[PDB]
Amino acid sequence: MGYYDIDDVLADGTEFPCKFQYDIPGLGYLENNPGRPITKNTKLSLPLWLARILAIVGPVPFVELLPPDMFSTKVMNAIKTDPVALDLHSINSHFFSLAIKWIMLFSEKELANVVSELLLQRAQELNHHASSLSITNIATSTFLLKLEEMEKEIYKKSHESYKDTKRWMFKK
Amino acid sequence: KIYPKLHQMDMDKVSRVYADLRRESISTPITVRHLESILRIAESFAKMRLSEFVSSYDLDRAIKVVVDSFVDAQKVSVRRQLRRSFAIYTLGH
Amino acid sequence: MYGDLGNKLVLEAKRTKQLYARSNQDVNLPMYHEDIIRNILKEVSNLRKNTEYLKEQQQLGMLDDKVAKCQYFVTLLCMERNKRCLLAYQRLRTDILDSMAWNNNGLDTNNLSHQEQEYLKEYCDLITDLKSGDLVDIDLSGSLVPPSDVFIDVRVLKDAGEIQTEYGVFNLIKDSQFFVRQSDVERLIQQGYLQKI
Amino acid sequence: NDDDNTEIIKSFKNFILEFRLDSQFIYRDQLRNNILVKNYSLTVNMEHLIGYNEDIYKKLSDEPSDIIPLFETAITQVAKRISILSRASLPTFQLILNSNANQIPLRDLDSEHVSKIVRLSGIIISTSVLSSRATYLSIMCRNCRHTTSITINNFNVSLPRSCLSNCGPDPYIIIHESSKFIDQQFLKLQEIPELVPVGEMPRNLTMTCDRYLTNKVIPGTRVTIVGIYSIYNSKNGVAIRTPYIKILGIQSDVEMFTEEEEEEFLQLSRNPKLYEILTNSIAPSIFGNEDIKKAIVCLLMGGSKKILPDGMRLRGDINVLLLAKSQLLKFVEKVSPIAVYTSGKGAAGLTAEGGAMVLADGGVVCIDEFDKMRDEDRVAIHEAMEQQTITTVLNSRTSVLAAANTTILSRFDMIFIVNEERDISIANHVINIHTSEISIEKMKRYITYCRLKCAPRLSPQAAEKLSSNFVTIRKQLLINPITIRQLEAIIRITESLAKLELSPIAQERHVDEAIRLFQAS
Amino acid sequence: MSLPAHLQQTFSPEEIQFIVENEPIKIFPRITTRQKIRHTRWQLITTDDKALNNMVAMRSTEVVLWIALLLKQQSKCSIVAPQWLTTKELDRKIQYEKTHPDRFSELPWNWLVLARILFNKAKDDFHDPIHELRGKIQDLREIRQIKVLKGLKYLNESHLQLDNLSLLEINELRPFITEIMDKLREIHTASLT
Amino acid sequence: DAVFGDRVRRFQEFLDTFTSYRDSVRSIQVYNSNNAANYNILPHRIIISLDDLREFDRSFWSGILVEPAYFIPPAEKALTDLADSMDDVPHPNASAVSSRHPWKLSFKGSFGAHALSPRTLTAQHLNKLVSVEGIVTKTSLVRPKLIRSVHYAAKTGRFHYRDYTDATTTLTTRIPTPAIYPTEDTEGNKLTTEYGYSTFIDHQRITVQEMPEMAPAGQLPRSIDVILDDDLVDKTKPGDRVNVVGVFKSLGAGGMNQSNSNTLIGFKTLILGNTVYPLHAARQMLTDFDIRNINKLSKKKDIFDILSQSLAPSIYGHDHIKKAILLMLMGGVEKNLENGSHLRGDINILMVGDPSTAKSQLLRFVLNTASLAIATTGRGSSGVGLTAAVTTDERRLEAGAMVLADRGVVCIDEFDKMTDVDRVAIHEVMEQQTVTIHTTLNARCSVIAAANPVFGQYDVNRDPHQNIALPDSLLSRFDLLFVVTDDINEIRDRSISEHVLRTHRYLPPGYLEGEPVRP
Amino acid sequence: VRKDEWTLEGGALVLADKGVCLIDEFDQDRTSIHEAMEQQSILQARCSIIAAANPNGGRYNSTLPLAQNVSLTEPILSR
Amino acid sequence: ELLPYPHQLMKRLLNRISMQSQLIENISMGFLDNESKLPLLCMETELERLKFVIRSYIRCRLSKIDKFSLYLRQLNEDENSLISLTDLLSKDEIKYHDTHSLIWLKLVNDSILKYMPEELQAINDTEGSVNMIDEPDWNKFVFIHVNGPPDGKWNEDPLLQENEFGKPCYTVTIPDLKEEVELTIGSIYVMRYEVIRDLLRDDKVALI
DNA sequence: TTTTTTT
């Protein structure tokens, strides 16, 4: 999550729904209307880097973020059913980082517990896949397609470590 | 038992003749497929002579056969002009 | 938006980082994203002009306390995001260049920018200078692999011809094997002339 | 016997535990990996086991059908030992094997070949749907209400008549819930045409597969099967039997970029002369016809597809019409990621069943002789190629190419018609046969990659240029008809041209190129 | 950068082998490097030279494992097999692991690497057949792997204890376990007010 | 048995944990009593969240998934006991007491691996609860079952009853019941079957083809039959997507029996659906806040203008046609007189314009704007087909395109290209609002028509009817006739070019510039 | 094609292989010939083509070019 | 975190390496003029291994210096920092850090800071939401093996204390959870580097 | 078997 971290930059660039708590003339560029003043109660998705700051500051905060479908209770129920079967990458490549940022902006113990359980199950599956080494598979391909980009990087690191260890063991 | 082999010098003359035949078809068609058919008919004439190497006369008679095919196509329309233009081209020898 | 170009540049940086992590051997780095960088710089110049206009509006005094403050804050945040993206991409490319200099220059100029090429030359000069002086006894450019094998059979991957040794000249005639200490043949292996006996 | 069978299972387990490919036991490691992937099965190479342990292979060849279940039981025992901690059963593990021996022709297979392992090759005519085989059962005796379990191996048993706690004639009745089942697929494999004697149709044989062996292949695929020739009697000559081959293993003859792989596409996009290079590589033997090559490239790229919020959708494919074009169409069929080359015969229609136009999706679809063919008349083709749709409707979202020698021309995005040194060079190449440059596959992959990666839109300058040119053309025509359909065709051509460079937006240069190409219409 | 990306988190198996080589090992010399009262010298700056210079034929002596293997490359050196590297000791460790699924057998942290290196080179010195020792090592590795799987099932963000686990096993598990525990700790911290 | 009793107690504990489930069972009972008094009776079927059963006991939910036969029957028995206790059951009929309707149980949401498709269905899923989704196909016609063959021995005064069980109907395997009415009573008096007292529940078993998009290329989609009973029967029809929470069940000998010599056949597998859910993939939903907003919109000075401007906002120059389309979407009022005369509740509009005038684009936008719409193209549209359709099947009648969505509007491209005979068949729809073949199909649908001039370019000198291919009688049959055609003006051309450029410049929220999509 | 079960029978052009095949009345047979000439496949004909076609189904007339006398392809005439 | 540079130990090792190389060269001259080169090969391999270890440690130190160049400039500017930059680094390390930071600052300034407004032109400023200065993660988890007390006597170490089953242990606390735990002597554990740093400075535990 | 009608 570094300042120069490209993945963190992309996750911050991701937009989230929000509802305006203020009416600001001259902010029509965010509205995408050249001369229309911003209005209170207006609903507009905003980039996470800007939406989070607007939710933090404003006293009444300047904007209030609406709950995303990635944070929807239906997605939560699907995760509680089967953490592995869900396509977290299709939902968001930075879904875990976005969940962590949403927990930081709004402390949610149950959400953190559900996210941790999903991460643990997906990590067990990813560890099984990484332990499976060549002496592309459809099952691993579908699992990676479900797996987010960060989880795929972790899986690549673990699988490369296992493959290097096996190669060094089987070769002089 | 015999596999005809195209002669290189006769084939050079036949390639010049094939360019001339395409030009004559434009004048009054002829195709690289027809030139390949000339090579095959030269193989056929070598077979008729039972020669493993295609004769220059075999290639010439094959060019004559392909020219006869071109003349037969649109016979009344182009046959006289084709014969006049191909009196030298139909047979290399 | 203005930050979208920086996001695209950072996406290219992440793609190149994943590629370099995938390939152990150093590939020729992707050509510098001069187009996206120049677009981001033009956006930064436009935002600077907008901030100057906002300061002029504040001198006019209309809503300078709140509306102009928010507009200037938004423009400054956009400039900061663009600068962060550009710095991240440049740092990743420069780290790749430093790794390449450690790999080869210690023992694809079109892809690099001219400033990047000057920086890589300066890094190679710095490496040679660090080896040239104190701690010169150990070749800092020497391989980081532990000395597992004192002696190893060596033969030419290529017919380079005569080659120097500590006290010998060895012909590298094609497919000519040898039996020598690994340390002396480490430089020749780095040259690639001899591979695995 | 039963002690000998237990000894055979124990010997299989011992060989698995004590066989090491290179001082590392592949059998133990492969079984553990299959357990990790939850693969309740194991694949064993006959070469590794029988390279020096010939006695096991001899016993297996003696009684393969009965021996295999003992090997599977040994696999289950070894898996339980390796994976389940003691003092802290598993589903049956299928055994997969490969003969790795000389194949036998399907016609050469005879009655003596039955009851023995056979290696062969052929093309599967079809693959039957899965059929669950009851691996286990619980059979309740009706008259005394008590149950007795039954397990079945799908090799080479029926419900016992007696009740055995005998109160009934056939009182035993299965408990479907307690019964455990395994899917099984039947396969019909035709012999390879070379294996068929000259002047004879290939012979076909019924074959069976179960568990992981099911769905391992697809119908129509040439494949090499490892299986024991067997016999069975269908319920439907005298003493005649129905031959079949229980499969031990299958090896198919038929059989997303890396860090280095994607960089090649990046370089191809980096080339500024990429469009002209593609046009030149298309029909290299043909001299001239630059407009034809450019139109082919633009059709392969296709216009950008978009859907308006109101539900209106822009056509996502360019259409080209021609009036040696057959060679160009043959090249286009290979270069296109998806293409169907035909003279309109299909007797299947071009638009229809599924036509060639419907089967082709995106890419380009080429017709060798569109005007010559009259089946699947142009009335259906007009709707298909204009609205990308056809009381039957079929998707027709694929670039249209027509070779030959109105309303269809109005639907078409473009129209067209159809050197001695070129003839000499082509003749020299053909004679050598008889006695920029980019690979076709690489160019097809690059075209698909550009279509998947970028769908360029018109920049404001390109839109203004297109509007001004369209107004000028309309004024000239009024002074002298061009339609907004042709204007949309030109816009699609501009988007297709920008797609090669993968630019975020099209350019006035693309607009000029599209207008120049349209001038040939 | 100076440090490879894979090396940023964990030591390579070759590095673990180098550490194991830095460990010492007993061997039987075949050269009377010791000179009678009636010559080149090691003069090692990182290790004892007196043992090497005092080695005599068939006089058991201990030296750093790398130097021991270097001498074993010559016929002069024959490495002494570790006592725990015996069939009876391996069977005892296996029985201990079986009786204690929770508790790993007290094998050395470099037991796996040392057994592999000895099988590569010191297979001749083993009085017990090398194949039986290899099978026992594989069985112990499988038991330890099952125990590691159970422990991963019983992971906790606060801490973990692995007493008798092999150093190679710890190095292999460092990336995955460290990343998972760090992610869990980050989730718990974000949950914390 | 004892485990079944423990599961019944645990499911009663689940109903106690979620008061809403017990309240819903009692609500079905109370609604049944009130509706029986008023006359419309709710079936004794209960659907609960799978996550709710998991919250009550994760072990119970996973156990129902693993052994639906062992758990779901006891859980439904517990639900039925709770419903019997909660229900007043006033004045129960003897036939109702004989019926003794069980309270069905269903699991909703969070299926995971239990969520399935017919191609992905497995033998392990057999004897296990699952949720399968796919396009319905080959649905069986509803056939009444028999809960019990209630009988009555003659002169005995006692009604002997014989229950019958089906393996597909019951998740647990059972020895087959005779399913034959007893000829004589156990007492020895002659036994007569008691119709009415005997209970018959409708049973339907519908195959469910895997979704064609989900079907692999070069392969036919798999189909798994799902058992349906009571309200679940006839819940969906072939060609309609549906998702059913049903336990896959191994069944039959599968070649294990002695009669099957080949033994090649596998064990029959038939899913037993606890519930059937039709799925759109539509129909708009109205809430109180949106209704207040709609009241404010009606309070607006130009409500019709606001709605029309909202309709096809991207389309340019067709705003008057969009106002006419809003009038057609309302359709007007439909009236059936005491005399039987019919006033149509639909309005037909026709607009003629040259190709690429976007009149057909506005018609497509109207088809999208309508919750239900019929699409046709005059070159490809037959009026006989629009009025009615014939299927070979005895032949089965099929509704015509105009008859389809008989209340909804029908948008037709190239209506002028459609033949005049087709237009006469359409006139049967336009004026009579009904079609007669000897089968008769109602055709009161609105007919919005996109057309082109017969010349292909509208001429001011030519009359609008002369330019239109439709006859004057057809134009009179149409409620409105328009002439919206492509034209070239300088300022309007700049505006339309800016509109197309604005459509291109519109950026999907998820896709940035240079990224493909998907007052 | 015929039932055997189902079995297939080889075509006549396929039956004539490597030996010169024969054609007459040069239009479905012409399509088999012409698809063969462009395709190199009739299934490959694998045989030379010899034509004995009456011109336009009647006595030959000198005025008609061969393409009119027998319907065919110009590429077929070239081949 | 970068460890403090041991100048005396590094210098003594370097002097020993120099003397060993000189002696090996003298032996080589004598051989070129008993005669057993096996001890010479042993000394050469020992020198190679020692030089490799020293170079690896120095390269890791330079990597840490470049990773926290901003934080090291901040620490050098910060008199309140307990450790002087020269104390933490070697002389060559300090010169390298200074020159590298200056070169990077010149490059970044000429690249972007000329166009950037002066208020935001500062490279190491904390005004950004993510501080541009990069510092070592104290709380990062790192494996460790309890070395036990540096002294032979377990009782002599106050940190060492009897735990259950007669096992010496060292009490430790994780500030985030405020959890206290005892680490048995001669045992391996995984803990945050911040809490581990106390025992590491005490040398009671060595990082794995 | 005999319309019916779609190919």
# chains A, B, ... in the order shown; residues from 1 in each chain; ligands from 1
$ closest_atom_pairs --of "chain C" --to "chain F" --cutoff "10 Å" --atoms "only C-alpha atoms" --output "JSON lines"
{"residue": "C:1", "atom": "CA", "partner": "F:512", "partner_atom": "CA", "distance": 8.7}
{"residue": "C:4", "atom": "CA", "partner": "F:512", "partner_atom": "CA", "distance": 7.5}
{"residue": "C:5", "atom": "CA", "partner": "F:513", "partner_atom": "CA", "distance": 9.4}
{"residue": "C:8", "atom": "CA", "partner": "F:512", "partner_atom": "CA", "distance": 9.6}
$ select_by_dssp --residues "segment 128-170 of chain C" --states "alpha helix (DSSP H)" --output "number ranges by chain"
C: 128-131
$ closest_residue --among "E:168, E:95, E:173, E:185" --to "residue 9 of chain E" --atoms "only C-alpha atoms"
E:173
$ closest_atom_pairs --of "chain C" --to "chain D" --cutoff "12 Å" --atoms "only C-alpha atoms" --output "JSON lines"
{"residue": "C:5", "atom": "CA", "partner": "D:504", "partner_atom": "CA", "distance": 11.5}
{"residue": "C:8", "atom": "CA", "partner": "D:504", "partner_atom": "CA", "distance": 11.7}
{"residue": "C:12", "atom": "CA", "partner": "D:266", "partner_atom": "CA", "distance": 11.5}
{"residue": "C:15", "atom": "CA", "partner": "D:259", "partner_atom": "CA", "distance": 9.0}
{"residue": "C:16", "atom": "CA", "partner": "D:259", "partner_atom": "CA", "distance": 8.4}
{"residue": "C:17", "atom": "CA", "partner": "D:259", "partner_atom": "CA", "distance": 10.0}
{"residue": "C:18", "atom": "CA", "partner": "D:259", "partner_atom": "CA", "distance": 7.9}
{"residue": "C:19", "atom": "CA", "partner": "D:259", "partner_atom": "CA", "distance": 4.7}
{"residue": "C:20", "atom": "CA", "partner": "D:259", "partner_atom": "CA", "distance": 7.4}
{"residue": "C:21", "atom": "CA", "partner": "D:259", "partner_atom": "CA", "distance": 9.0}
{"residue": "C:22", "atom": "CA", "partner": "D:259", "partner_atom": "CA", "distance": 6.5}
{"residue": "C:23", "atom": "CA", "partner": "D:259", "partner_atom": "CA", "distance": 6.8}
{"residue": "C:24", "atom": "CA", "partner": "D:259", "partner_atom": "CA", "distance": 10.6}
{"residue": "C:25", "atom": "CA", "partner": "D:260", "partner_atom": "CA", "distance": 11.0}
{"residue": "C:26", "atom": "CA", "partner": "D:260", "partner_atom": "CA", "distance": 11.0}
{"residue": "C:27", "atom": "CA", "partner": "D:260", "partner_atom": "CA", "distance": 8.2}
{"residue": "C:28", "atom": "CA", "partner": "D:260", "partner_atom": "CA", "distance": 10.0}
{"residue": "C:29", "atom": "CA", "partner": "D:263", "partner_atom": "CA", "distance": 9.8}
{"residue": "C:30", "atom": "CA", "partner": "D:263", "partner_atom": "CA", "distance": 8.0}
{"residue": "C:31", "atom": "CA", "partner": "D:267", "partner_atom": "CA", "distance": 9.7}
{"residue": "C:33", "atom": "CA", "partner": "D:270", "partner_atom": "CA", "distance": 11.5}
{"residue": "C:35", "atom": "CA", "partner": "D:503", "partner_atom": "CA", "distance": 11.4}
{"residue": "C:36", "atom": "CA", "partner": "D:504", "partner_atom": "CA", "distance": 11.6}
{"residue": "C:111", "atom": "CA", "partner": "D:267", "partner_atom": "CA", "distance": 11.5}
$ residues_around --residues "residue 87 of chain D" --least-positions-apart "2" --cutoff "9 Å" --atoms "only C-alpha atoms (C1' of nucleotides)" --output "number ranges by chain"
D: 85; E: 98-99, 101
$ residues_around --residues "residue 44 of chain B" --least-positions-apart "5" --cutoff "9 Å" --atoms "only C-alpha atoms (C1' of nucleotides)" --output "PyMOL selection string"
chain B and resi 4+39+49+54+58+62
$ residues_around --residues "residue 144 of chain A" --least-positions-apart "6" --cutoff "10 Å" --atoms "only C-alpha atoms (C1' of nucleotides)" --output "tab-separated table (two decimals) with N, CA, C and O atoms, in the first residue's frame"
chain	number	residue	atom	x	y	z
A	87	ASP	N	-15.98	-15.38	-7.61
A	87	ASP	CA	-14.97	-14.77	-8.48
A	87	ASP	C	-14.62	-13.39	-7.94
A	87	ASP	O	-15.11	-12.36	-8.40
A	89	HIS	N	-11.86	-11.84	-8.26
A	89	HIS	CA	-11.21	-11.05	-9.31
A	89	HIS	C	-12.23	-10.38	-10.21
A	89	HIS	O	-12.08	-9.21	-10.58
A	126	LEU	N	-5.18	-21.90	-2.79
A	126	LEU	CA	-4.01	-21.43	-3.52
A	126	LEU	C	-2.75	-22.17	-3.09
A	126	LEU	O	-1.87	-22.43	-3.92
A	129	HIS	N	-2.81	-25.47	-4.84
A	129	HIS	CA	-2.43	-25.30	-6.24
A	129	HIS	C	-0.93	-25.07	-6.38
A	129	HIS	O	-0.29	-25.65	-7.27
A	138	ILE	N	-7.04	-26.80	-16.38
A	138	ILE	CA	-8.31	-26.09	-16.40
A	138	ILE	C	-8.73	-25.68	-14.99
A	138	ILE	O	-9.23	-24.57	-14.78
A	151	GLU	N	-3.77	-11.87	-4.97
A	151	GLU	CA	-3.71	-13.28	-4.61
A	151	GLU	C	-2.96	-14.09	-5.66
A	151	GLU	O	-2.27	-15.05	-5.32
A	152	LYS	N	-3.07	-13.70	-6.93
A	152	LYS	CA	-2.34	-14.38	-7.99
A	152	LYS	C	-0.84	-14.12	-7.87
A	152	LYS	O	-0.03	-15.02	-8.14
A	155	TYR	N	0.26	-16.35	-5.06
A	155	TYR	CA	0.30	-17.72	-5.54
A	155	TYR	C	1.49	-17.96	-6.45
A	155	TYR	O	2.13	-19.02	-6.39
$ closest_atom_pairs --of "chain D" --to "chain A" --cutoff "9 Å" --atoms "only C-alpha atoms" --output "tab-separated table"
residue	atom	partner	partner_atom	distance
D:22	CA	A:170	CA	7.7
D:23	CA	A:170	CA	8.6
D:24	CA	A:170	CA	7.9
D:26	CA	A:135	CA	8.8
D:33	CA	A:132	CA	5.9
D:34	CA	A:132	CA	8.5
D:36	CA	A:128	CA	5.8
D:37	CA	A:128	CA	6.9
$ residues_around --residues "segment 57-67 of chain C" --least-positions-apart "4" --cutoff "10 Å" --atoms "only C-alpha atoms (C1' of nucleotides)" --output "CSV table (one decimal) with N, CA and C atoms, in the first residue's frame"
chain,number,residue,atom,x,y,z
A,24,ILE,N,-22.2,22.6,-4.2
A,24,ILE,CA,-21.0,23.4,-4.5
A,24,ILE,C,-21.0,23.9,-6.0
A,25,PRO,N,-21.2,25.1,-6.2
A,25,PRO,CA,-21.1,25.6,-7.6
A,25,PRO,C,-19.6,25.6,-8.1
A,26,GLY,N,-19.4,25.4,-9.4
A,26,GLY,CA,-18.1,25.3,-9.9
A,26,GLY,C,-17.5,23.9,-9.8
A,27,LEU,N,-18.2,22.9,-9.2
A,27,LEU,CA,-17.7,21.5,-9.2
A,27,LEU,C,-18.4,20.6,-10.2
C,51,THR,N,-4.9,26.5,-11.6
C,51,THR,CA,-4.6,26.9,-10.2
C,51,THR,C,-4.2,28.4,-10.2
C,52,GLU,N,-3.5,28.9,-11.3
C,52,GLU,CA,-3.2,30.3,-11.4
C,52,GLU,C,-4.5,31.1,-11.6
C,53,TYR,N,-5.4,30.6,-12.4
C,53,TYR,CA,-6.6,31.3,-12.7
C,53,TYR,C,-7.5,31.3,-11.4
C,71,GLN,N,-11.4,24.1,-4.8
C,71,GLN,CA,-10.9,23.9,-6.2
C,71,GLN,C,-9.4,23.7,-6.2
C,72,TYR,N,-8.7,24.6,-5.5
C,72,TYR,CA,-7.3,24.5,-5.4
C,72,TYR,C,-6.8,23.2,-4.8
C,73,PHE,N,-7.5,22.8,-3.7
C,73,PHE,CA,-7.2,21.5,-3.1
C,73,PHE,C,-7.4,20.3,-4.1
$ interface_residues --of "chain C" --to "chain E" --cutoff "9 Å" --atoms "only C-alpha atoms" --output "ChimeraX atom specification"
/C:21,95-100,102,145-150
$ closest_residue --among "A:33, A:14, A:97, A:21" --to "chain E" --atoms "only C-alpha atoms"
A:97
$ residues_around --residues "segment 54-56 of chain H" --least-positions-apart "4" --cutoff "7 Å" --atoms "only C-alpha atoms (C1' of nucleotides)" --output "JSON, numbers by chain"
{"C": [140], "H": [50, 60]}
$ select_by_dssp --residues "segment 52-262 of chain F" --states "strand (DSSP E)" --output "count of residues only"
55
$ interface_residues --of "chain D" --to "chain G" --cutoff "8 Å" --atoms "only C-alpha atoms" --output "tab-separated table (two decimals) with N, CA and C atoms, in the first residue's frame"
chain	number	residue	atom	x	y	z
D	199	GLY	N	-10.51	-48.46	-50.28
D	199	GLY	CA	-11.83	-48.82	-50.77
D	199	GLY	C	-12.79	-49.30	-49.71
D	200	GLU	N	-12.51	-49.04	-48.43
D	200	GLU	CA	-13.36	-49.47	-47.34
D	200	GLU	C	-13.57	-48.33	-46.35
D	201	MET	N	-14.76	-48.30	-45.75
D	201	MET	CA	-15.07	-47.32	-44.72
D	201	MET	C	-14.41	-47.71	-43.40
$ interface_residues --of "chain B" --to "chain D" --cutoff "8 Å" --atoms "only C-alpha atoms" --output "list in words"
residues 5, 6, 15, 19, 23, 32, 35 and 36 of chain B
$ closest_residue --among "H:170, H:68, H:52, H:165" --to "residue 98 of chain H" --atoms "only C-alpha atoms"
H:68
$ interface_residues --of "chain G" --to "chain B" --cutoff "7 Å" --atoms "only C-alpha atoms" --output "ChimeraX atom specification"
/G:62-63,65-67,78-79
